[PDB]
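Asker: Chains as they are written, first to last, in PDB author numbering: chain O, 34 to 72; chain Q, 2 to 117; chain V, 2 to 53.
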Amino acid sequence: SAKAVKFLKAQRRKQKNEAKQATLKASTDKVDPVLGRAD
Amino acid sequence: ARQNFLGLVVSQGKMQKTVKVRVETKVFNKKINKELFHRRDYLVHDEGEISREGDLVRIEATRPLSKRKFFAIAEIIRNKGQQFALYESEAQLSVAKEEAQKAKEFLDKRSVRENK
Amino acid sequence: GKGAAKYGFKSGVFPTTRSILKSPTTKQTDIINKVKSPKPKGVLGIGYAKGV
RNA sequence: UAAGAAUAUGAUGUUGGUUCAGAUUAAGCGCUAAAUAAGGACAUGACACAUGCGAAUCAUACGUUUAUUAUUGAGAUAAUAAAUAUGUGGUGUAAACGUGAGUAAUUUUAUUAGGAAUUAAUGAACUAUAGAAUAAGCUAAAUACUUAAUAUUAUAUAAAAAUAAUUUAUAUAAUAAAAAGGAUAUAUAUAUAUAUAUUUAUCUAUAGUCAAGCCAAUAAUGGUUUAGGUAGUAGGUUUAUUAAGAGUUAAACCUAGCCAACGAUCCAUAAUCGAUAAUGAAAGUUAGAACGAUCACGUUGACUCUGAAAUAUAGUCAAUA
RNA sequence: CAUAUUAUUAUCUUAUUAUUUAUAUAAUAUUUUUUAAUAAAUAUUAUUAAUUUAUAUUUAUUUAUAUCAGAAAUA
Ligand SMILES: [Mg+2]
Ligand SMILES: [Mg+2]
Ligand SMILES: [Mg+2]
Ligand SMILES: [Mg+2]
Ligand SMILES: [Mg+2]
Ligand SMILES: [Mg+2]
Ligand SMILES: [Mg+2]
Ligand SMILES: [Mg+2]
Ligand SMILES: [Mg+2]
Ligand SMILES: [Mg+2]
Ligand SMILES: [Mg+2]
Ligand SMILES: [Mg+2]
Ligand SMILES: [Mg+2]
Ligand SMILES: [Mg+2]
Ligand SMILES: [Mg+2]
Ligand SMILES: [Mg+2]
Ligand SMILES: [Mg+2]
Ligand SMILES: [Mg+2]
Ligand SMILES: [Mg+2]
Ligand SMILES: [Mg+2]
Ligand SMILES: [Mg+2]
Ligand SMILES: [Mg+2]
Ligand SMILES: [Mg+2]
Ligand SMILES: [Mg+2]
């Protein structure tokens, strides 16, 4: 019960951090190294 | 006196008040009979968060500050990291100014050809 | 036992000699002046810089 | 202070492995063996253990018990002799001894002329000085236990500088926390008290010794046919706890980090080291039995008390026998 | 396919211990209001002992968390 509550708190925290890692990887500039910016 | 090391800030801005400092020391490898550089990365406390990646800084021993932090920036020897950020910010406006200027010049030259 | 060559070929050890006076005394002006000297900065700096 | 040899090939040169000559052992085995001196001796089952020993001592802590003399009338009290530790007490067993299971580093080892949190109104047990050692209650009595009496840090003011803090001095605040008497002499007085002393004890404070706690840097086996690992995880901010830092442990909030092909994580294996032993020309390699150093454990696991320090060879609970 | 040991858990059970809520005509001390048997001097007045009462220190009771160890499952 208390172990389950703590486990789910930790699971939510870990999943939030993984999702934010992905979003940070997505929140980058991503300029084309060959052609540069579009215009 | 306290342990002091000289190193390059190789990772900043990813942890609150913590940077990563790469230090190198001279060691003798007897297996190859050579004086080598032994490299290591330290997690270092940065009160004020003044350091940036690429700065040459002197780190000094302190009390344990976390599980892995035992050193703090004691002095910024060379501050190339701050200069890089300054030029990054300045170039944004600097470029755009003449980018608009020369676009104006191009359009004016086009119009001059148009009315010939 | 070739390590003994590093210590005058003396095998075995003695307990390290204790110091009668465990801190520098006041009648030693060289150490007093050395500690009470300005502290260097830069590559061989000892301490925190002015603005840090 | 560095030596090679035999064996390929029809023969030659070369590559290449195999083996040998040397030293040695914590050695076993076969055959053999005189005396003495010295150094060692379960490497394997941290497997199970018959039996006997390895931690007692103090009677001058308090209580008991006798015998003679003296006074008092079954006893009482003195003096002198003794016996009593199957009664209450104190001190002593955190050491030493043995062992190498675990441990590959989350607290282990080694090194440094390393640190801070600037390690506590801590002495454990001897020095050197000082000052104390007061009442009840409880036990049969007490140096046994209770209760009560009395004896550095935080503030603020300045000073400086080894300075962006520390140190110094002062004034307050609370510190504010103890104890113990026995053995002999005598000296007073009225067996009773008392006053001195000589003894050995008790407590407190300062300093010194001896010592403890924590952290950093570097190093410490094999397997990536173990390649991704990690959610207290990496970091920040507080609170709790600690003498003391720190996701060390507990709670809350955040940020999204941290480690890793110069090998992470995982797995296996192993006590570690030397001015110790072996070997070699030496770099090194091997051992870690003996001598010494360090660690860990005392049938297995966790927790707790006391204590400066213990998950103690203690105690509690459980497991095994 | 069978036997064994080690580890883990959003699982179950759980000695012990430490925290943690809440409850006791629950106890032992101090504080009251009262009820009882003694004392003494001349209606008592004080003592010892029970009733009620409210602060500490314990035990019993439970609430919650963690925990040796088992069980189940997974490796
Ligand atoms: Mg921190
Ligand atoms: Mg042949
Ligand atoms: Mg040979
Ligand atoms: Mg002999
Ligand atoms: Mg053995
Ligand atoms: Mg052995
Ligand atoms: Mg006696
Ligand atoms: Mg006795
Ligand atoms: Mg021991
Ligand atoms: Mg030993
Ligand atoms: Mg071992
Ligand atoms: Mg008394
Ligand atoms: Mg006492
Ligand atoms: Mg951790
Ligand atoms: Mg903390
Ligand atoms: Mg937490
Ligand atoms: Mg590996
Ligand atoms: Mg082993
Ligand atoms: Mg080895
Ligand atoms: Mg040995
Ligand atoms: Mg031995
Ligand atoms: Mg032990
Ligand atoms: Mg045994
Ligand atoms: Mg054990």
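Cβ atoms here follow ideal geometry from the backbone N, Cα and C, with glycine treated the same way.
(1) Step through the CB atoms of chain V and report whether any lies within less than 8 Å of the CB of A86 of chain Q.
(2) For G2 of chain V, go through chain Q and note every residue whose CB falls closer than 9 Å to its CB, in chain order.
(3) Does the beta carbon of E76 of chain Q come closer than 8 Å to any beta carbon on chain V?
(4) Alpha carbon to alpha carbon, how far is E25 of chain Q from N5 of chain Q?
(5) Between which two residues does the beta strand (DSSP E) carrying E54 of chain Q extend?
(6) Quickly, what does DSSP pair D42 of chain Q with across the bridge? List them, please.
(7) Under a CB-based cut-off of 8 Å, is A62 of chain Q close to chain V?
(8) Among the candidates Q:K98, Q:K32 and Q:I78, whose CA atom is the shortest distance from the CA of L45 of chain V?
(9) Express the C-alpha separation of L87 of chain Q and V113 of chain Q in angstroms, rounding to a whole number.
(10) At least one CB of chain Q closer than 8 Å to the CB of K42 of chain V: is that the case?
Answerer: Taking the geometry as given:
(1) On the second sequence, residue 86 of chain Q is found 85 positions in, with the first residue counted as 1. It does not: the Cβ of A86 of chain Q has no partner Cβ on chain V nearer than 8 Å.
(2) Start at 1 with the first residue of the third sequence, and residue 2 of chain V comes out as number 1. Neighbours of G2 of chain V on chain Q: none; closest Cβ ~21 Å, over 9 Å.
(3) The residue labelled residue 76 of chain Q in the question sits at position 75 within the second sequence. Yes - at least one Cβ of chain V is within 8 Å of the one on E76 of chain Q.
(4) As a working note, residue 25 of chain Q is residue 24 in the second sequence. As a working note, residue 5 of chain Q is residue 4 in the second sequence. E25 of chain Q and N5 of chain Q have their alpha carbons spaced roughly 12 Å apart.
(5) In the second sequence, residue 54 of chain Q corresponds to position 53, counting from 1. No beta strand (DSSP E) contains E54 of chain Q, which DSSP labels as neither H nor E.
(6) Walking along the second sequence from the start, residue 42 of chain Q turns up at place 41. Beta-bridge pairing links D42 of chain Q to Q:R23.
(7) If you number the second sequence from 1, residue 62 of chain Q lands on position 61. No, its Cβ sits nowhere closer than 8 Å to a Cβ of chain V.
(8) The sequence position of residue 45 of chain V within the third sequence is 44, counting from 1. Residue Q:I78 is the option with its Cα nearest to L45 of chain V.
(9) Indexing the second sequence from 1 puts residue 113 of chain Q at position 112. Indexing the second sequence from 1 puts residue 87 of chain Q at position 86. Looking at the two C-alpha atoms, the distance is approximately 40 Å.
(10) Numbered from 1 along the third sequence, position 41 holds the residue referred to as residue 42 of chain V. It does; some Cβ of chain Q falls within 8 Å.
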